[PDB]
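Novice:
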Amino acid sequence: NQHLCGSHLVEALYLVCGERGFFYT
Amino acid sequence: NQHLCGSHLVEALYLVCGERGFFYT
Amino acid sequence: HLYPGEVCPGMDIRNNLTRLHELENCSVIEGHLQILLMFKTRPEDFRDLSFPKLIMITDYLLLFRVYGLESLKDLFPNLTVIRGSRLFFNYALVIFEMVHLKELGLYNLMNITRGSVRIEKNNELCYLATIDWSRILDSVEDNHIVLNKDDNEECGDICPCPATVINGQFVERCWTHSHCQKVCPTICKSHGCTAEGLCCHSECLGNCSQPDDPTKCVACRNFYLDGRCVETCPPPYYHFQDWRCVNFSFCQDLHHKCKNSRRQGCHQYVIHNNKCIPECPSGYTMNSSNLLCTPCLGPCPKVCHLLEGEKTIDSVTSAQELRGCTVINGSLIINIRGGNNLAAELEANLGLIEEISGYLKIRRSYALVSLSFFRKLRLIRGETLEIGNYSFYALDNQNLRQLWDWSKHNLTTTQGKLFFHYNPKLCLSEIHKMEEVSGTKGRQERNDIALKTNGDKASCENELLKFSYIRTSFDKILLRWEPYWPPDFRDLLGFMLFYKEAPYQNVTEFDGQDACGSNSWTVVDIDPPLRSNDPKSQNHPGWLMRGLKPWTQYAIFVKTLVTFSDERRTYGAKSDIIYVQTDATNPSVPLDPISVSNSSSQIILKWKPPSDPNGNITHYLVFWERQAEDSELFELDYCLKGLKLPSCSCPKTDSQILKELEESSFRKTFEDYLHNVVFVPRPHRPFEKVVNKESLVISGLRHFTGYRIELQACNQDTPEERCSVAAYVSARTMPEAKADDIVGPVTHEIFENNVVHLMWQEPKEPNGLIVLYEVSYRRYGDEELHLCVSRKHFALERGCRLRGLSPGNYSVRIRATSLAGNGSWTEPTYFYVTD
Amino acid sequence: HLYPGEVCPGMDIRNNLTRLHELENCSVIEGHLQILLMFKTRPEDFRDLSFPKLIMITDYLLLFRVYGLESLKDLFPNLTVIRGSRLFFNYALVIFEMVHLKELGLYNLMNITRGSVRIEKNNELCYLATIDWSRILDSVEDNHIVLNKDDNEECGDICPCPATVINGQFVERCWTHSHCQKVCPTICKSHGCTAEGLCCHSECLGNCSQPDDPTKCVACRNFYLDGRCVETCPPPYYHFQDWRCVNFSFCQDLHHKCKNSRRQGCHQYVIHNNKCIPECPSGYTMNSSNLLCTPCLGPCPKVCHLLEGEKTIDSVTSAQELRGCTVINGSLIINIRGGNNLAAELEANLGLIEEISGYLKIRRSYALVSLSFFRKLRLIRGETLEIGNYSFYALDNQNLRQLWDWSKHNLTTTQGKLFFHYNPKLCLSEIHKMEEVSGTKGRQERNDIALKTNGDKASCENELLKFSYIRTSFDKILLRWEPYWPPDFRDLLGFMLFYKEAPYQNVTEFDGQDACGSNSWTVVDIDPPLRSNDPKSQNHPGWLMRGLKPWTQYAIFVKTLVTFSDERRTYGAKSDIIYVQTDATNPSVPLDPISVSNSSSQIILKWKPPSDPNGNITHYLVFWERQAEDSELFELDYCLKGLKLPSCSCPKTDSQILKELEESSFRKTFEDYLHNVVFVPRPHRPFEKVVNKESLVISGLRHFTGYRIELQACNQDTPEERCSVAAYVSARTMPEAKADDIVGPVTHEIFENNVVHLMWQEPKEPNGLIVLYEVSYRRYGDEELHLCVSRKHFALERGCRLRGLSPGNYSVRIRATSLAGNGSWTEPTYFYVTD
Amino acid sequence: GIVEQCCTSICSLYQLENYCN
Amino acid sequence: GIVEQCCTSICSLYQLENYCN
């Protein structure tokens, strides 16, 4: 599918970037 | 009223012209 | 003769009666016959004139609002055939708003060829249910007999015609008070018969003079030629008006007398294929001298220059003006209101068109099923367009299902814009497929064609569901099918499981139909399976049905449920229909065990088959047993008082469904705001088994006893013998014979204290149980004094005694009275005691 | 102290735990506090840190997807107040998708000021039904507690807090395993109380140290000033962020430190009305030196330069960015999904707008009721338009009812085109009235605004029906109202008569609601009245109801029914609602007549009131009667065996309704074609009446007899005494006394044949009927030999006898045994006979 | 043609007198 | 802004890696 919507996006974003953290202003 | 439609007009038109008759080609 | 009168043109009748004089010598009438609007007319002057020779009517006969006629039988006695070349709003005979019409009187209607019949709004008619249209007509569906005096059964209907069974009743079919309907024998229907039933020559209809003659009947089928009628006329003559053939000397001056343009009622009649046709069709052009029409050089189409740009098509009379035309130089609107169907005549009437110039608009239709009557559409021009700059317009079509089969069809649209609204049986796939044959691909208006109501009540999906595991029991059934997700899994409402039973596998496709009642499918609703976020998941959904009758055929299928949105995606999925069956089980109890006591060694017993068979039952389980007959009666003195003698819903809660979709998407729009803030991009008993019967007799069995006989019905036996419960009935033989009384030596012993002891023998094989020896002693001149001795009294004494006797000669006699009745008497013995 | 800690600005917590270190030393937090997305976190390192001093949170507290917290009671022990100046999508406290949260642990929540709370998607929580939000919150309607572990009763819920009855149960309200919820006494709600119930100074909330003190509680209501809190601050200071007041030496440098445009998170704070506001509103402009803002010369509109042209309004969070603005330099879209209502906060948030530049579009709303929250719309510019060239766009609004009250409102539209679809509670009169205030009158598109679906499920008519004759009975009711016709009388389907009962005249307006069962109105359908073509007509229609309960209030009204067509005319009519009542009648039978035999002159009897009252009953009809006691018993020898001892539907069939409108209009189009061809233009018992009681005793009446007592209930009496049927009950006294036995001289007469005749006296007033004199004679050494004498034997003999007696001395005694029992014995007399 | 001239809009006595000669 | 870039159309691994620094 790769329509990473709903609770996929909270998991798969961590699955690709689980150590840098996310970005904030 | 004078919305001569439906079964009014079959009686209303004879009442105004019941002696010459109607017209046909 | 066949048609002895004159050929006689069509005519109208209005405002007087003197214009009916010129029907003096007519028999056939080409065209139509309209009698209309006489108000100053007494009922007297209809009883002196008639039209006896009028036989054939081509197109239609119309009666509307005439004051003074009560029946037509004094005017039209011998008319038989309604040919129906041209019609009148799908009908051929219409009676409308009569004031004096008591009875019809049309005892000679034989064959209505093309069209139908309709009578409304007449509060004076009777005998209308005694007509039997299905013997005259060739169709019954487009008839209409509503709103007359016979809406209430009040005006008699007593009438002397085989009293047919065409309906569920034995109704007698008669025209009027003095006529009854003639019906042919059914070996030869349309050939016409005589009074003796010997039907005529095959080219005749209705009445005849003598059968098997093509020269002396009343009206043929195909044509007419000079006292005869042949199927195809020989070519000294050419056909004309599809009921005659005639020489070319006849048609030629009709072209000549009104090639002078003095009336537009002619057409320049041309010879083609032995026909005297008004206009020969496309690909042909007339020659001057020969008066035929030769194959035209190149393509030259017969254009149809439509008056005032648009012509609405209401019925087959509106459609017959376009017959033969192929280039429409205007626009075209089809509008068929109500009724049954017209798609059997539109192919043969305007199925030869190719070029429309304006727009095609389908509004307000109710009973079309397909647009396939348009055989040869390929090009829609659009020099003019409808308002809003449109070219194709479908609106409020309650049953329009398939536009065209695209695999064998073409369609071009030069310019314009299409439009769709309120088409509840029309799929969103077809209109998109309509675009892919069309010249347009993205010419839209915003708002263009609809997306929500077009086919909202008729399903299509291009995703299918397969079942995986089926589990069978006798009462429950467990179901499990494959997992499935839309491309956004938050949009999922669960599943709909429709199910019902069926006796066979001829189950119709579920079109979509609900009720509060029970005449259609029932449905259960299922919570959606939980999300795993794992492509190998537990999410195989399932549901278990509970209240099912065992050994019954079933049919199930499931359906998805998505929120309808603005995107033309996520169409959901439909599982295929399948068939499953419940398992077998124990049978039910058999019914009504009836036994009759007629003989000693014949004890009959019958029963009824059980209510629930639970499959094919195999046999029965009978049992019987003898019994010692209730030994509490053995200690009764049978001389006191008392002796015994043996023998409401909720289909849809749509606001809550609107509430269910609201709060679910409220959860969808909540997290959508959450993500867009928190993330920022980086810049044992004797018995037997009986089979195939409902009654049973048992022989070889003891007289006067009870047999409690119980009976089970049962399915298959040798693996897991499983049967139902029984029901117990007692049974008795016929009442006993002489053996209830005993024969024996009646001996006595005299004691010195005047007590006489009697010795005898008891009954050995009694009437079940002997209860009383009715002994009685009798002196000369004295009545038969009876005495009493019990069962226990004889058992202790082995005899009886009598105390306090006068000296004399006595006559003592014994009766063995059993519980089933009294026996005979013994010998009255003579013993004497002296002084 | 009140707030002894520091101020802290807002902060976010992401991907680690080391950034929570800088919450070391403060108590209040302005802005908000977001803790977000820690995955590599054990549950161990939360058991050593806390934040004990944090008390006040201004806007919102957010927890979403943290791996490792089980409770917050080891982090936030003392926070009490959520101020709610800014919100977060109508909420102020949101817990979303927690993985480890066993229990909340928030034992100090006192007052949620503005907004609501919502916790979803946590499969680990418990004790959630023990919280009692209505004691903390000020609203309960917009809360959302769904889809947790407490969907199933499985998490224990045994907990030691007054156990309130705020619901229908006596549920105990506690936070966690070791805490109870504190509840104030209800004489002083929001002032804060102590453990002894003596509530504090009026300017405090929640916990306090000592009551009635404004200097030593924990958190006040209005503001804060230096260990005190006053309702309005004195003006050495100006207010700031609606929770403090502070000197202008403080507010001046925040204008100075970031008038340097280094961050857009500031606003140039201006003094106005003792407030340190970010921007003072329209009609004002700031001065340079004084730092206030003076009233501007002329009009100065505070414009609101909207980013990217359009900003969708999803909630009060999205709407608070427009607060104070009055000129919208873009377009505007309102979109409120689901929920309860937001029309109480939009007026105080964007109700000060006057000028929109783009377009206003209302899609997908569910819970709006009116657009009156827009207070001051007058001009819609439309420099840009929506696609299709539109300016006003309403679509799919399930409850939008009134657009505006036009009598006190104005609206201009410079250009553009309006649009309406799927507005089921929006009338066609309003959108035409919307046109008559608008600048446009006939700017349409074809297809423009809808005409069929807009308000199809909510009625409006501008024609009314008055009733003429009402007829009242006890069972039926006959109804007759005025005649009425549409402008074309063929378009009429009949009438719809809705009716139901009501206990009072507080009957709601019929909104339109159906059910397949019985919880709402039932409806009957009426054939239309026939045509007379005469203005003085019989055609007053009528219908008679049948199955009505007597003496019941009713409410009826009727409704018209027209075919919906393209013409915006013949809207039909609505009759006004009225009230009628059925008449009274006979009552029903009273229930349960219960009588108890306790005394001889007290016979109690109670009953029950009847089931059907049929109005107010007035009294009762009692009757009683004595009886001769069954004289068949007078001729029994009472010495044999046997002595006696006394004491699913069709709400709508819409396809057939579609069939009914089809074939009716099929009759319309048929005569429509007929007229256009045939017409061518020219070129007694003791009793009483008892009232107000349910039991009755009757005195002065005979011992040991039956009284059949029957009882009726009854309505009004003197004109037309009409009562119900009765029910009969026998009644008896206490068992009899000594009078069942008699005292008398027991005299004897000796005859010469040793037969002794005894003379005595009988009982005079017996136990109803004396049945047996149990006489008994006794010899010395011999037992009490009993003898027998019946009623008829004493009646014929006047005494008794004994036959065959040995010579001696005997002791004879009599017992009077009646049918109600045995009496005593008489004197054993001594008579002697000798040899 | 007498319907749309005398049922859709209002109808005059000079109009329908043409229909009777 | 991560929904309409990664739920309405297809989404790439180079797009969403910007969201993680």
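Residue numbers (the deposited numbering), protein chains in the order written: chain B, 3 to 27; chain D, 3 to 27; chain F, 1 to 160, 169 to 655, 683 to 718, 756 to 907; chain E, 1 to 160, 169 to 655, 683 to 718, 756 to 907; chain C, 1 to 21; chain A, 1 to 21. Where is the CB? At the ideal position from N, CA and C, for every residue including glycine.
#1: When you compare only the Cα positions, how much space is there between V713 (chain E) and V3 (chain C)?
#2: What are the partner residues of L368 (chain E), as DSSP defines its beta bridges?
#3: Is the segment 585-598 of chain F close to the segment 472-487 of chain F, with three or more CB pairs under 8 Å?
#4: Which residues in chain F have a C-beta closer than 8 Å to the C-beta of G347 (chain E)? List them in chain order.
#5: Would you say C228 (chain E) and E211 (chain E) are within 8 Å of each other, going by their C-beta atoms?
#6: Run through DSSP, which three-state label would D12 (chain F) get?
#7: Compare the beta carbon distance of residue 163 (chain F) and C685 (chain E) with 8 Å and say whether it is the shorter of the two.
#8: Let me confirm a value: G880 (chain F) is counted as buried when at least 16 other C-beta atoms fall within 10 Å, else exposed. Which label applies?
#9: If we count the other Cβ atoms within 10 Å of its Cβ and call it buried at 16 or more, is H1 (chain E) buried or exposed?
#10: Per the contact definition of three or more C-beta pairs closer than 8 Å, is the segment 327-345 of chain E in contact with the segment 356-371 of chain E?
#11: Between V715 (chain F) and chain B, is there a C-beta pair that is closer than 8 Å?
#12: So is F76 (chain F) in contact with chain E if we call contact Cβ pairs under 8 Å?
#13: Under 8 Å between beta-carbons, which chain B residues line up against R498 (chain F)? List them in chain order, please.
#14: Of the choices E:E695, E:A458, E:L104 and E:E22, whose alpha-carbon is the least far from that of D150 (chain E)?
#15: Quick check: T80 (chain E) and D132 (chain E), are their CB atoms within less than 8 Å of each other?
#16: Could you compute how far the alpha carbon of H829 (chain E) sits from the alpha carbon of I886 (chain E)?
#17: Which residues in the same chain have their Cβ closer than 7 Å to the Cβ of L6 (chain D), if we skip the five residues on either side of it in sequence?
#18: Quick check on the DSSP output: what are the complete beta strand (DSSP E) runs of length 3 or more inside the segment 589-638 of chain E, in order along the chain?
#19: Using a 10 Å radius around the Cβ and a threshold of 16 neighbouring Cβ atoms, would you call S607 (chain F) buried or exposed?
#20: Consult DSSP for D533 (chain F) and reduce its assignment to one of helix, strand or coil.
#21: Nearest by alpha-carbon distance to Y852 (chain E): which of E:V827, E:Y904 and E:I29 is it?
#22: Going by other Cβ atoms of all chains shown within 10 Å of its Cβ, with 16 needed for buried, is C288 (chain F) buried or exposed?
#23: Compare the C-alpha of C274 (chain E) against each of E:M110, E:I158, E:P286 and E:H280 and name the closest.
#24: Hey, is the segment 53-69 of chain F in contact with the segment 25-43 of chain F, meaning 3+ C-beta pairs nearer than 8 Å?
#25: With distances taken from CA atoms, which of E:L360, E:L651 and E:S771 is nearest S605 (chain E)?
#26: Who are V311 (chain F)'s beta bridge partners in DSSP?
#27: Using CA coordinates, which residue listed in F:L501, F:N470 and F:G447 is at the minimum distance from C435 (chain F)?
#28: Buried or exposed for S476 (chain E), going by 16 or more other Cβ atoms inside 10 Å?
#29: Mind the definition here: the segment 489-498 of chain E touches the segment 630-637 of chain F only if three or more C-beta pairs lie below 8 Å; say whether that holds.
#30: My understanding is that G115 (chain E) touches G84 (chain E), with C-beta atoms under 8 Å, so please give their C-beta distance in whole angstroms.
#31: Roughly how many angstroms separate the alpha carbons of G332 (chain F) and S365 (chain F), rounded to a whole number?
#32: Give the secondary structure of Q15 (chain C) by DSSP, where H, G and I count as helix, E and B as strand, and everything else as coil.
#33: If we cut at 8 Å on Cβ distances, does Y14 (chain A) have a partner in chain F?
#34: If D535 (chain F) and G502 (chain F) are in contact, beta carbons under 8 Å, what's the gap, nearest whole angstrom?
#35: So with Cβ pairs under 8 Å, would you call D707 (chain E) a contact of chain C?
Specialist: Let me spell this out:
#1: Each residue's alpha carbon lies about 12 Å from the other.
#2: Paired residue(s): E:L340 and E:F400.
#3: Result yes; three or more Cβ-Cβ pairs closer than 8 Å.
#4: Neighbours of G347 (chain E) across chain F, judged by C-beta separation under 8 Å: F701.
#5: Cβ distance < 8 Å, so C228 (chain E) and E211 (chain E) count as in contact.
#6: The answer is strand: DSSP assigns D12 (chain F) an E or B state.
#7: No coordinates exist for residue 163 (chain F); the numbering of chain F passes from 160 to 169 with nothing in between.
#8: Exposed, since its Cβ has fewer than 16 Cβ neighbours within 10 Å.
#9: In summary, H1 (chain E) is exposed, with fewer than 16 beta-carbon neighbours lying within 10 Å of its beta-carbon over all protein chains present.
#10: Result yes; three or more Cβ-Cβ pairs closer than 8 Å.
#11: Taking Cβ atoms only, chain B reaches closer than 8 Å to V715 (chain F), which makes this a yes.
#12: Not an interface residue.
#13: From the beta-carbon of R498 (chain F), the residues of chain B found nearer than 8 Å are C7 and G8.
#14: If we check each option's Cα against that of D150 (chain E), E:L104 comes out closest.
#15: With contacts defined by Cβ atoms closer than 8 Å, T80 (chain E) and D132 (chain E) do not form a contacting pair.
#16: Across the structure, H829 (chain E) and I886 (chain E) are spaced so that their CA atoms are roughly 14 Å apart.
#17: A14.
#18: Within the segment 589-638 of chain E, the beta strand (DSSP E) runs of at least 3 residues that lie entirely inside it are, in chain order, 599-605, 611-616 and 627-631.
#19: By the 10 Å Cβ count, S607 (chain F) comes out exposed.
#20: Three-state result, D533 (chain F): strand.
#21: Of the listed residues, the one whose Cα sits closest to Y852 (chain E) is E:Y904.
#22: Result: buried.
#23: Residue E:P286 is the option with its Cα nearest to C274 (chain E).
#24: Counting C-beta pairs with one atom in each stretch, the segment 53-69 of chain F and the segment 25-43 of chain F have three or more that are closer than 8 Å, which means they touch.
#25: For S605 (chain E), the closest alpha carbon among the candidates E:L360, E:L651 and E:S771 is that of E:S771.
#26: F:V335, per the DSSP bridge assignment.
#27: Ranking the options by Cα distance to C435 (chain F), first place goes to F:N470.
#28: Under a 10 Å Cβ-count criterion, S476 (chain E) is classified as exposed, with fewer than 16 other Cβ atoms of the shown protein chains found around its own Cβ.
#29: Judged by Cβ distances under 8 Å, the segment 489-498 of chain E makes no contact with the segment 630-637 of chain F, as fewer than three pairs qualify.
#30: With a Cβ gap of about 5 Å, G115 (chain E) and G84 (chain E) count as contacting.
#31: Between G332 (chain F) and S365 (chain F), the C-alpha separation is close to 17 Å.
#32: Looking at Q15 (chain C) - three-state DSSP - the assignment turns out to be helix.
#33: With its beta carbon at least 8 Å from every one in chain F, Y14 (chain A) lies outside the interface.
#34: The pair is a contact, with the Cβ atoms about 5 Å apart (cut-off 8 Å).
#35: Yes, its Cβ sits closer than 8 Å to a Cβ of chain C.
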